[PDB]
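Heavy atoms only: backbone and side chains are in, while hydrogens, waters and symmetry mates are out. Letters go in sequence order (proteins before strands), and every chain restarts at 1.
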Amino acid sequence: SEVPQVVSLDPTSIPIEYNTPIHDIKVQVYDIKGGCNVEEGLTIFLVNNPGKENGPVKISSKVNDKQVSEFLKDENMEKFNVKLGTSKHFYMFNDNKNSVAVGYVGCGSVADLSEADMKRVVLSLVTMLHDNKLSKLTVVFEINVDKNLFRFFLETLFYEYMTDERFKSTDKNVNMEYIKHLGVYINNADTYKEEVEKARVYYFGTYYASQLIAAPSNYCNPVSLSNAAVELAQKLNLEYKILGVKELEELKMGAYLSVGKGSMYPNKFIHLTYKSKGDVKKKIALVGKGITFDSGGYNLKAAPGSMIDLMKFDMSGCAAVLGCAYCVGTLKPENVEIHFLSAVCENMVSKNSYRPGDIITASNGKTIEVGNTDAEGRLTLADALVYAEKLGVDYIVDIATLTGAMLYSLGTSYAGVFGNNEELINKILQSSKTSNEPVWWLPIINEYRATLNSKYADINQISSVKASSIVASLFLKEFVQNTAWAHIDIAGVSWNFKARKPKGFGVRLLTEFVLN
Amino acid sequence: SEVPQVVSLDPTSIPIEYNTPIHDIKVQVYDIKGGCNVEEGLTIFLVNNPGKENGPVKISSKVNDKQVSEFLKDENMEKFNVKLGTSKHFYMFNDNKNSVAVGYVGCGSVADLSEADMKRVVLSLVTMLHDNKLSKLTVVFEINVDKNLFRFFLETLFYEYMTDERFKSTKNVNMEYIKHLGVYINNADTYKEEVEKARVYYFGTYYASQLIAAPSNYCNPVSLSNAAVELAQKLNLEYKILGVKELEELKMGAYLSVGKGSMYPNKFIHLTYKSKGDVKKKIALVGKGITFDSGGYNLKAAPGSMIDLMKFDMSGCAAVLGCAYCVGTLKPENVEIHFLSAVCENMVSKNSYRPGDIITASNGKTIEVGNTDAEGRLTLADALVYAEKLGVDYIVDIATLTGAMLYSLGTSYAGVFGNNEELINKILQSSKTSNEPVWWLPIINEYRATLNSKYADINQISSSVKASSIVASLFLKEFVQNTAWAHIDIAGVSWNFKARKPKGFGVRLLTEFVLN
Amino acid sequence: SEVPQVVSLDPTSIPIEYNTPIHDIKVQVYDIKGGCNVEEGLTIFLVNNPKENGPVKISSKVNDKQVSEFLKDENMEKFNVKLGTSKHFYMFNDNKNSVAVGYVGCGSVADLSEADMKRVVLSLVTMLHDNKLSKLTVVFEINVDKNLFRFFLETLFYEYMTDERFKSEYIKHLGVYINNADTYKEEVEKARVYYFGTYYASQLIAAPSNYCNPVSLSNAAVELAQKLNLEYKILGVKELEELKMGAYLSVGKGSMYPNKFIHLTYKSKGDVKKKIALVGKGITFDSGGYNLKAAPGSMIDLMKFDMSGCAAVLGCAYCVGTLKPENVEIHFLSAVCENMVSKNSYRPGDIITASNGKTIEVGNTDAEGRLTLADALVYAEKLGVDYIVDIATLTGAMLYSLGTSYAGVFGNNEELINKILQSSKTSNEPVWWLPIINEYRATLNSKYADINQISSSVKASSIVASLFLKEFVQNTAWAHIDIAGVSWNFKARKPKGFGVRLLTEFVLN
Ligand SMILES: CC(C)(C)C(=O)N[C@@H](C(=O)NO)c1ccc(-c2cccc(/C(N)=N/O)c2)cc1
Ligand SMILES: CC(C)(C)C(=O)N[C@@H](C(=O)NO)c1ccc(-c2cccc(/C(N)=N/O)c2)cc1
Ligand SMILES: CC(C)(C)C(=O)N[C@@H](C(=O)NO)c1ccc(-c2cccc(/C(N)=N/O)c2)cc1
Ligand SMILES: [Zn+2]
Ligand SMILES: [Zn+2]
Ligand SMILES: [Zn+2]
Ligand SMILES: [Zn+2]
Ligand SMILES: [Zn+2]
Ligand SMILES: [Zn+2]
């Protein structure tokens with residue numbers, strides 16, 4: 001629990017914001033058939049024009065204001081088009097001779113907005129929210145969205161609107177001012193109301209993960225991350241257990257302990273459990289990779305474009321699992337028992353570091369020949385997967401920033417999923433659809449298994465077969481003997497390079513998985 | 001004060017030679033309008049021939065010896081030319097039937113010798129001093145030189161003549177420095193004052209050279225700071241060495257972070273010279289003091305990164321200390337100078353700061369580390385804050401900051417940056433009179449936006465923009481709020497790659513700045 | 001004159017747009033005193049706050065009650081003045097006519113730099129590209145001098161314009177409100193000329209190497225010369241051989257396009273008191289030769305820009321031919337060719353002879369610019385001029401010294417250098433003086449030839465290259481502008497047309 005320091009100026013905890021301005025926003029949903037009141041703040045219409053490549057803007061909704069309705073007549077609106085992402089601001093006086101602000105966001109010509117399309121729409125909305133000191137936002141849905149896409153709209157809105165200033169000091173934005181009210185006008189309003197607070201939970205689960213990932217390695221270390229996990233568990237009334245080095249040695253986790261040998265921070269194994277109130281029909285282990293910093297070890301990340309300054313992300317999997325723990329602990333699903341696992345450590349260069357060539361013994365007895373110290377994720381997961389299977393669960397799902405090869409296979413939008421079981425894989429893909437976090441199924445090619453045959457050990461850590469994501473999956477598979485297991489590689493999608501911030505990818509995916 | 005050791009064979013101090021053979025050379029300046037007597041040792045004429053490429057050598061000076069005068073008749077000398085760097089040796093008997101040695105050095109056809117050509121002249125002269133066991137050197141100036149260039153001649157003569165053998169064991173058994181130096185020149189009385197000034201300037205440069213040439217196992221933060229104290233005590237300068245505890249109390253998080261991975265504690269050097277009368281100008285001299293730059297986790301592993309030379313990375317501190325010698329010795333009036341250096345070592349360890357880390361400077365600004373090898377500006381940041389807190393008129397820092405300097409100005413000219421044109425003008429003026437060439441480079445504000453960090457107040461390094469020297473200057477500028485400041489990047493000029501030794505660059509420049 | 005083809009589908013000319021939509025824009029300048037009329041179109045206020053990202057406050061009186069209500073302090077303080085930040089709203093004015101009103105933030109500094117003004121303009125152009133307006137009205141509530149005001153217009157015109165020559169609704173009126181408007185009006189038509197000179201250069205640079213080759217580029221120079229009544233002469237291989245331009249001819253040996261030396265001349269009507277030669281590097285594509293640009297990050301796909309010096313000179317020729325300066329004779333020169341890999345290419349190690357008799361040992365075929373410039377400078381000095389100014393994308397080292405914003409200037413004459421620096425100030429194309437360090441000269445000493453092409457190296461490539469060029473100007477005031485870093489706008493993925501206005505201001509002032 002006590003974080004070691006080199007100097008007294010070294011931080012000893014991760015700064016975490018639990019009460020965000022988003023949580024202070026009163027959200028109301030009204031039915032669009034009842035007409036819209038356009039009074040205070042900014043009122044935005046989400047409008048499209050089917051079969052028309054940049055068609056004219058037409059406001060269909062009834063507006064309970066003669067002056068605003070007059071401004072919004074088609075003859076007035078025809079100068080504007082519905083091109084996806086396009087937005088405009090309107091200034092006018094309402095029936096009470098009060099100044100009001102009105103506008104729209106273009107939703108293109110396609111009647112079915114993709115996950116990318118809605119995100120593009122949301123981003124345009126946030127630009128209107130930025131650099132403007134509004135007290136209220138009102139969104140009028142003149143497009144067709146189902147419950148899932150509606151929830152996605154809110155989640156994405158909350159997440160992008162929120163700004164992380166935990167590490168700002170002399171450069172805090174002096175103009176930041178969050179809205180206090182959110183009004184939503186939509187068709188079939190009663191069906192969508194339940195999605196509001198679920199979206200708020202999914203938001204924070206994601207933002208919490210984001211906070212952990214964005215936190216630098218001097219703030220976010222194996223000890224401070226594990227302390228934060230306990231703190232979260234206490235708040236959610238979850239059972240929790242943090243395994244220290246002596247306990248890990250007792251469990252003979254030689255692979256996990258080897259990676260952390262060169263670190264000044266002791267290894268900390270996070271084990272959280274949520275158990276439903278009643279009959280448990282499904283037991284699930286969620287495993288997250290928890291490398292608080294990946295220097296690469298003695299296989300140092302020194303090659304051009306290895307982005308070592310980014311390697312604080314290497315605990316993104318752990319964050320996804322912890323963010324899911326928040327959502328599950330808050331929404332409290334029934335008939336499920338969930339274990340949240342993460343073998344947390346740091347991969348550093350030291351006199352005490354494990355070397356390339358070292359042979360290490362996993363907790364299941366298998367000896368492993370280390371061919372590359374920068375492939376440390378699969379080593380820590382190996383011991384974690386063995387621990388997971390001993391819990392006696394039905395499904396083991398691990399999520400990890402495992403291989404850079406994902407950038408060349410799926411890129412920055414789609415995570416890849418591997419597994420030994422098609423049913424579990426199908427559930428993950430189903431969860432991908434409903435959570436709107438895109439995942440693609442990649443194969444575990446058994447023909448490559450022979451490249452992991454070590455001359456001296458039971459198995460090689462790496463091949464020496466480019467195909468890194470597949471080989472890594474073959475490695476991990478060796479540590480699950482008779483349990484349905486799935487592996488999600490998020491090395492490519494975890495970090496948003498365009499926005500220079502984490503995505504908190506996987507939180508919504510895993511929560512949808514546990515709930516459904 | 002006590003230097004830590006790994007083994008008992010690790011050195012515990014920097015070997016320093018204070019009394020050099022150069023100091024034992026008796027120097028006499030005579031007026032040439034009285035004629036030259038050629039008796040013992042070597043007598044060298046510095047001769048040119050204006051507007052006539054490689055024209056004949058002609059000795060204009062009167063020689064108070066009939067045979068030598070006859071030997072040196074124009075008819076005899078016409079077979080030799082005045083090409084720059086050319087030297088010749090003559091053997092003859094004087095009026096007392098004694099064997100004497102005479103020769104010349106060609107000084108070209110240009111009437112105004114450059115700083116570079118004069119250096120070539122000196123080297124040709126020093127070559128004659130080498131491999132010859134002379135008791136006296138006599139130099140006759142038959143060229144036109146002002147007081148500054150004459151002083152430059154002596155400094156360069158002294159510095160190049162001197163040989164550093166502190167680390168020889170086996171040492172040249174055949175070395176034998178002269179005990180007397182005679183100079184014949186017109187208006188000798190005006191030039192006599194330059195002799196002891198040159199000797200002071202010489203050692204300031206050679207002292208700096210000794211610190212730079214000293215390897216990092218000899219020259220470490222503790223041993224270097226100890227040396228500064230010892231120097232300060234000999235000069236009666238006020239001195240204060242700030243240790244880790246004061247630095248923590250002063251909240252120097254940037255400086256302390258760089259040294260975290262080192263076995264040697266950070267040591268902040270603070271020397272002060274105060275005049276006896278009224279103080280009209282207060283000056284802070286800041287030197288980069290990285291005793292070894294491994295690059296940290298951004299290891300210098302790239303081809304041609306020249307990590308074995310990186311003991312020079314404390315050249316700025318050495319330059320400042322060399323200046324402290326000159327100022328403390330010459331004792332200028334009406335000035336108060338603070339000699340500063342945030343000394344530490346940039347190493348790879350379990351305790352090292354990582355890429356991505358956010359650290360807080362002593363002025364409260366948070367800094368996101370994008371590259372651990374850009375450590376100089378971090379130590380300078382806290383040092384510059386400390387300097388401004390002293391309430392001075394001018395802040396000048398000198399540092400081996402950016403490798404880009406080799407591509408901009410190369411190895412002869414250092415670059416100067418600043419926030420104040422007047423100060424820049426003073427630095428440039430000092431460059432002329434000290435003959436240490438410096439060129440003014442711009443701080444381009446358009447690049448400042450690339451230092452915008454998403455999470456911290458500022459980025460340590462840029463991403464988009466090359467031109468590191470300007471970007472680094474933009475960084476440093478953020479740590480000086482309302483004081484005239486200039487920054488001299490000597491990364492390119494500090495080491496003499498051809499001669500394989502330091503130049504001690506900056507000592508004479510800074511002293512002239514302080515004196516004038 | 002005839003462009004050679006490999007297949008019949010290969011283009012034989014550079015598509016050039018002479019009549020741009022910008023030329024159809026009616027520009028009106030009114031004095032800010034007396035109030036602003038908000039009638040049609042979009043009205044944008046340029047506002048600052050002398051604090052850091054302070055609230056927007058509109059000082060100007062607006063002769064419209066509805067718009068005045070919009071611009072009241074209570075409404076505008078919700079917005080801040082962060083440089084580049086903008087908001088615009090659509091509303092009805094007193095005449096129930098649709099109008100759009102907004103601002104662009106100009107920061108807290110009272111004196112906007114050229115880079116600052118560029119960010120303001122870019123924010124403005126984004127609104128012009130996303131709005132179907134017939135009229136733009138810009139209200140200057142900031143301090144701008146005549147030069148910077150002209151710069152505003154030029155940059156606005158340039159950024160507004162879109163190059164669609166290779167693809168397979170602009171405003172018609174521009175209103176400007178500014179204090180002391182009468183003093184600023186003369187800058188308007190000057191800006192329009194400077195605009196096209198820059199845009200013309202941009203068109204040549206942006207044109208790919210299959211369109212823009214030595215033949216088609218020289219043809220373009222003739223066509224321009226004919227429109228401007230400039231004297232013109234294009235030297236072909238046979239003339240160049242008789243002139244013994246061996247350095248220049250060696251570089252082009254490996255190309256399928258014959259070398260073409262462009263020589264345009266502007267001569268004043270009255271007495272010629274000053275003669276100036278402008279030399280531009282004209283490499284239509286730089287593959288690097290046998291020293292191929294194959295290293296990671298060598299950006300070989302960008303190397304069509306390597307004729308930017310020539311384009312700058314030609315764009316300047318337009319401005320000079322249009323504005324018609326007095327008492328000057330200007331020669332516009334470019335040794336145009338292509339640096340390719342072939343059985344006929346010159347090899348690393350080859351010793352070649354320049355037109356002044358100097359033999360040169362080639363150490364790197366990718367340092368071809370200085371070879372073509374060498375013969376061009378000899379040709380220039382033979383004309384008997386007062387000033388020789390060359391402009392070239394010469395060394396990549398400029399990216400490490402001054403970066404992408406400031407060009408570097410080198411020279412053998414201090415008066416000429418300051419004139420260029422003065423021109424840099426008034427044209428707002430930033431240039432910084434870099435030294436020609438004579439101590440590095442010895443590194444060009446060849447064992448076999450008279451001189452080395454490159455050092456081996458004294459890293460500082462930009463300085464070493466200047467020393468090389470310096471050897472080919474014997475008794476003439478000469479200056480060299482390295483634009484390798486500033487020529488291409490990597491962020492916007494387009495040329496800057498850098499140097500046209502700089503060179504024009506030099507000739508005019
Ligand atoms: C097989 C290899 C050691 C190359 C590997 O896959 N290493 C991963 C690792 O460090 N596991 O612990 C690895 C390497 C790179 C990345 C990664 C992730 C995201 C972005 C990038 C990136 N931008 N590289 O330029 C690189 C992720 C995982
Ligand atoms: C931002 C960057 C890492 C490029 C940088 O400025 N590095 C300097 C540094 O480590 N500061 O602490 C840096 C890099 C190289 C040099 C340097 C200086 C002198 C010679 C050489 C050289 N010849 N390397 O092969 C390299 C000096 C400073
Ligand atoms: C002496 C050397 C071959 C290194 C050189 O300066 N070559 C220049 C050249 O090709 N002259 O004909 C040269 C090299 C690189 C560049 C340049 C310009 C802009 C960008 C880049 C680059 N590498 N972007 O990633 C490189 C410009 C001129
Ligand atoms: Zn790794
Ligand atoms: Zn990893
Ligand atoms: Zn460094
Ligand atoms: Zn350094
Ligand atoms: Zn080239
Ligand atoms: Zn080129």
Under the 3.5 angstrom rule, does the side chain of [X] hit a backbone N or O of [Y] as a donor-acceptor pair?
X        : Y        : value
C:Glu505 : C:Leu502 : no
C:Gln453 : C:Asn364 : yes
C:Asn219 : C:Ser1   : yes
C:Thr284 : C:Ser209 : no

Pair [X]-[Y], side-chain donor/acceptor within less than 3.5 Å:
X        : Y        : value
B:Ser464 : B:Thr450 : no
C:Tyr158 : C:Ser202 : yes
C:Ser487 : C:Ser308 : yes

If you measure from CG on C:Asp286 to CG on C:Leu302, what distance do you get to the nearest 0.5 Å?
10.5 Å
Report the distance from atom CG of C:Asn356 to atom CE of C:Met245, rounding to the nearest 0.5 Å.
11.0 Å
If you define the side chain from C-beta out and look only at heavy atoms, does anything of C:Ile171 sit under 4.5 Å from C:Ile25?
yes
Pairwise side-chain contact, C:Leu204 with C:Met307, heavy-atom cut-off 4.5 Å (strictly under):
yes
C:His23 and C:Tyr18: aromatic ring centres closer than 6.0 Å?
no
Please confirm whether the ring centroid of C:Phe166 lies under 6.0 Å from the ring centroid of C:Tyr211.
yes
Which of C:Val336, C:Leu377, C:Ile283, C:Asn339 passes side chain to side chain contact (heavy atoms under 4.5 Å, CB included) with C:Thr372? It is C:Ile283
Residues which pass side chain to side chain contact (heavy atoms under 4.5 Å, CB included) with C:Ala484, listed by chain and number, not counting sequence neighbours:
C:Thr393, C:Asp482
Salt bridge between C:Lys281 and C:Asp390, side-chain N to carboxylate O under 4.0 Å?
no
Below 30° counts as parallel, above 60° as perpendicular, anything between as tilted: where do the rings of C:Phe196 and C:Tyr199 land?
tilted
Taking only residues two or more places apart in sequence or in another chain, which ones pass ring pair (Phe, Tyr, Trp, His ring centres under 6.0 Å) with A:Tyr408?
none
